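Q: Sharing a structure here in structure tokens format.
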Amino acid sequence: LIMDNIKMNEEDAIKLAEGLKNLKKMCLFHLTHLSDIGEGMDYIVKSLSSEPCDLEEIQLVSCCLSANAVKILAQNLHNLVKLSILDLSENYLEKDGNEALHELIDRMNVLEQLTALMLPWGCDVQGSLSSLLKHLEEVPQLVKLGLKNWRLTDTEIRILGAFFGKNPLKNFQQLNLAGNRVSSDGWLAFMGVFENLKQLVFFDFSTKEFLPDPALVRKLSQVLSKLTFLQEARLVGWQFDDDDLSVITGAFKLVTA
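Just add 767 to wherever you are in the sequence shown, counting from 1, and you've got the entry's author numbering.
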């Protein structure tokens, strides 16, 4: 079931939730862009995972989530095994984000099949990054990791560097990061740690506005050169120009704007 950018009157969330309850064979639920209803977001979340479900992918992107909707999901994650994809990305949580995120992090210990996960954006996931990474080390099958939009520091990227040390992931192909804070120390703070992850297909490492240190551009070029796929890099928010593109090695493309 795909319900992409469908405008709703909020109240119908109940009727839709009731419809979903009868779809006992559902495997893929993608919703996405469910306007901005606010009220009822929990009805969609509640209807799923309530009563043992066999869903393999649950994608709720830009649908407007709240700390309560996230807590409700986490509370019901006692079943829903064989779930592999769980996103809930691009749904900023204005308040109580920490409580909802902590409840989620403390779970996902029965969902053995989870991989290529993204986290809810909200205030303030940074405080639980260390806990997340420690738990991600428990699942070598991780293919992708989404830590988008929220503000990072020069110390958070060093923690990620340590995470990518590391006991081999092998199949980690994508890194999603729609926002960061970078300087003359970072990416250089961790750059080179990804030379051990040559299977990478793409990554964002995005920021707001920063012109890369010549040392970083030269190192980046070598890091990119040694990758196996690199099927279109995205490095958005970086002030790269013709001089850096000359230094940067051959690649399918690099999106910097």
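Built from N, CA and C at the ideal position, the CB exists for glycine as well.
By the DSSP assignment, the alpha helix (DSSP H) with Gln842 in it spans what residues?
A: From DSSP, the alpha helix (DSSP H) with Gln842 extends over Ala834 to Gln842.
Q: Near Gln989, which residues of its chain fall below 8 Å by C-beta distance, leaving aside the five closest residues on each side in sequence?
A: Answer for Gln989: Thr1016, listed in chain order.
Q: Could you name the residues that DSSP lists as bridge partners for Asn943?
A: Bridge partners of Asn943: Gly913.
Q: How far does the alpha helix (DSSP H) with residue 757 in it reach, from first residue to last?
A: Absent from the structure is residue 757, since the part of the chain shown begins at 768 and ends at 1024.
Q: Please report how far the alpha carbon of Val837 lies from the alpha carbon of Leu991, in whole angstroms.
A: Rounded to whole angstroms, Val837 to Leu991 spans 37 Å at the Cα level.
Q: Do three or more CB pairs link the stretch 934–941 to the stretch 906–913 at distances below 8 Å?
A: Counting Cβ pairs under 8 Å, three or more are found: they touch.
Q: So is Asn776 buried or exposed if we call it buried at 16+ other beta carbons inside 10 Å?
A: Exposed is the call here.
Q: Thinking C-alpha only, which one of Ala834, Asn789 and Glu999 is nearest residue 1080?
A: Past the boundaries of the shown model lies residue 1080; the chain is included only from 768 to 1024, so the question cannot be answered.
Q: If we require 4 or more residues per run, which alpha helix (DSSP H) segments fall completely within the stretch 774–820?
A: 780–788 and 808–814, all fully within the stretch 774–820.
Q: If you follow the alpha helix (DSSP H) that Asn876 is part of, which residue opens it and which one closes it?
A: Run containing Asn876: none; DSSP gives neither H nor E here.
Q: Which residue spans inside the stretch 946–1007 form an unbroken alpha helix (DSSP H) run of at least 4?
A: Complete alpha helix (DSSP H) runs here, min 4: 981–992.
Q: Quick one, which of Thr995, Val984 and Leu899 has its alpha-carbon nearest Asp1011's?
A: Nearest option by C-alpha distance: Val984.
Q: Counting only the same chain and skipping the five closest in sequence on each side, list residues whose C-beta sits under 6 Å from that of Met958.
A: For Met958, where only same-chain residues beyond five positions count, the Cβ hits under 6 Å are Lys986.
Q: So what does DSSP say about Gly894, is it helix, strand or coil?
A: Helix, per DSSP.
Q: So, helix, strand or coil for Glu866, using DSSP?
A: The answer is helix: DSSP assigns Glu866 an H, G or I state.
Q: Which residue wins for smallest C-alpha separation from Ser816, given the options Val960, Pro887 and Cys794?
A: Nearest C-alpha to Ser816: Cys794.
Q: Which same chain residues end up closer than 7 Å to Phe961 when comparing Cβ atoms and leaving out the 5 residues on each side of it in sequence?
A: So the list reads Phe931, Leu967 and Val990, once near-sequence residues are dropped.
Q: Output yes or no for whether 8 Å exceeds the beta carbon distance between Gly1004 and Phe970.
A: Contact: no.
Q: Tell me the rounded alpha-carbon separation between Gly786 and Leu881.
A: Spanning the two alpha carbons is a distance of roughly 26 Å.
Q: Provide the residue span of the alpha helix (DSSP H) that contains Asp1009, from first to last.
A: Taken as a continuous stretch (DSSP letters only), the alpha helix (DSSP H) holding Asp1009 covers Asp1009 to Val1014.
Q: Can you tell me whether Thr995 is buried or exposed? The criterion is at least 16 other CB atoms within 10 Å of its CB, across all chains shown.
A: Flag for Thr995 reads exposed.
Q: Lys915 and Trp888: beta carbons closer than 8 Å?
A: Taking 8 Å as the Cβ cut-off, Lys915 and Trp888 qualify as a contacting pair.
Q: Is the CB-CB distance between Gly946 and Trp917 below 8 Å?
A: Cβ atoms of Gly946 and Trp917: closer than 8 Å.
Q: Classify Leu853: buried if its beta carbon has 16 or more other beta carbons within 10 angstroms, exposed otherwise.
A: Classification for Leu853: buried.
Q: My assumption, with CB atoms under 8 Å, is that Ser802 sits in contact with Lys774. Please give the rounded CB distance.
A: Sure, about 5 Å apart at Cβ, within 8 Å.
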